[PDB]
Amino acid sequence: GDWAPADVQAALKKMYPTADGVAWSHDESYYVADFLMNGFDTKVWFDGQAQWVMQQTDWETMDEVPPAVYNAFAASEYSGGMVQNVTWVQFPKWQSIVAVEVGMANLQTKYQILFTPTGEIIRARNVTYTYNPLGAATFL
């Protein structure tokens, strides 16, 4: 039926038997489940074959990142900004990523910086005019 097919809903319930209050959306080629896990917003992307391809945990603050990531962020140019989002991005077959979004002193400008868990910067982008910067197009 609507929003998410039965096998996708079943695949989420298998990963997370206690997930509830789920909100489903569509993100290009994927179904996205949004739900709470232990008080953290969690999103899981499923393809048409009900295989999970990304998960994001909304950490909200730098409090949750590895020290190496905190230190690397603090040492970077981007530390002059206000941290507006911190996301732990996981994948079934690739290394995890800490995605940090900052807003700069003069307001409109937003950057997204992708760190490995040991604090190496792998990519940074001006996302000011990007609609869904943590969406599938960024990572998949």
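Just count from 1 along the sequence shown to find any residue number.
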Residue stretch of maximal mean CA temperature factor, 93 to 101 vs 75 to 83: 75 to 83
Average Cα temperature factor in the PDB entry - higher stretch of 124 to 132, 10 to 18: 124 to 132
Given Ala50, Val44, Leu114, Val69, the residue at which the Cα B factor reaches its maximum: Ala50
Among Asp27, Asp34, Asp58, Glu64 - the residue whose C-alpha B-factor is largest in the record: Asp27
